[PDB]
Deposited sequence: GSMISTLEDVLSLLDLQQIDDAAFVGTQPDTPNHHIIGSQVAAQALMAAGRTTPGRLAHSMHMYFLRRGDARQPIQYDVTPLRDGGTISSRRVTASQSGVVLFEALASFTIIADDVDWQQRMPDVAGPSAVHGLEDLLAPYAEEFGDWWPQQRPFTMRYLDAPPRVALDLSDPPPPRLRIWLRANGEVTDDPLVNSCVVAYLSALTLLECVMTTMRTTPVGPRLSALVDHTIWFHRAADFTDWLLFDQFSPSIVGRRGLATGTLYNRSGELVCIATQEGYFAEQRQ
């Protein structure tokens, strides 16, 4: 099972099998499903390798069919445009000829210009905050990680035992359990992985469910805009909320910051909750 930060870096180590085709693999999962975070990060790596040296700036994706964690995944990249400042790629992810996912990714050259952001919210610092493992301890009977996670708000399983579902806001302090490679594309791919990892949890809580049920979900899409490099040598804050849930779908948006205050990325995804 994915348990170390090195395991996450291994996910990003794709095997090139043709000029614009790459294969990724992973360990099996308990329900045999591939999670969205993996396919996002691997798809971005595949795209980035066909645009060498350019920096990831955005990616949009739709999950069509859910991957089987027992088989590898093939990523086929199509160049859409190669401009002097922006370049664009389609990435299709497949298993035995079955298309799992389609994405569109865009890459840029670095440019010094207006650099502005909203200020990070004023929240309790990571040291004030309970770890996920201690928070889930009472539920151990119902069940190492690549990131330490400290939750400012109740995680979904804890929230399920509150009288009423809390407001759909979830703030998590995150720290890599090891060293992320000093490579801009790897940096962005790890950001991509984190951007989709806990993001639907604030919706699950409002839907009175958790990642393992009782009501199961699947991501329909995921979107990321990368603005500034993540500093994985310290904590990051992931500020997540839902503006709206309707018709079995819940929208979640998250903003990732370095502890030092820089806004790293924004991401948004819609999850579908089985009836």
Deposited residues without C-alpha coordinates, grouped into stretches that follow sequence order:
1-2, 146-151, 284-286
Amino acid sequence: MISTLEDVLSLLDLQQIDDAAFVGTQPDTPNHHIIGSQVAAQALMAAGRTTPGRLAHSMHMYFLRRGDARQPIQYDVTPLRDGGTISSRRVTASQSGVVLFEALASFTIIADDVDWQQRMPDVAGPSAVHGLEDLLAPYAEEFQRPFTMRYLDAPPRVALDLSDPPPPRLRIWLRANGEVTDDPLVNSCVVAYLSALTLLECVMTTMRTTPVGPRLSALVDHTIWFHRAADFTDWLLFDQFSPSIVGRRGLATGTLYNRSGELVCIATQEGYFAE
From here on, numbers count along this sequence of modelled residues.
Using the B-factors recorded in the PDB entry, average over the C-alpha atoms of 127-135 and of 145-153, then report which stretch comes out higher.
127-135
Mean C-alpha B factor from the entry: is it higher for 23-31 or for 42-50?
23-31
Out of 57, 70, 222, 249, which residue has the highest Cα temperature factor in the PDB record?
70
Comparing C-alpha B-factors across 115, 102, 201, 76 in this entry, the winner is 115
Residue 15: CA B-factor among chain residues, third -> highest
Check where residue 61 lands among this chain's C-alpha B-factors and tell me if it's the lowest, middle or highest third.
lowest
How does residue 88 rank on Cα B-factor within its chain, lowest, middle or highest third?
middle
Chain-relative CA temperature factor third for residue 181:
highest
Considering only modelled residues of the same chain, in which third does the CA B-factor of residue 230 rank: lowest, middle or highest?
lowest
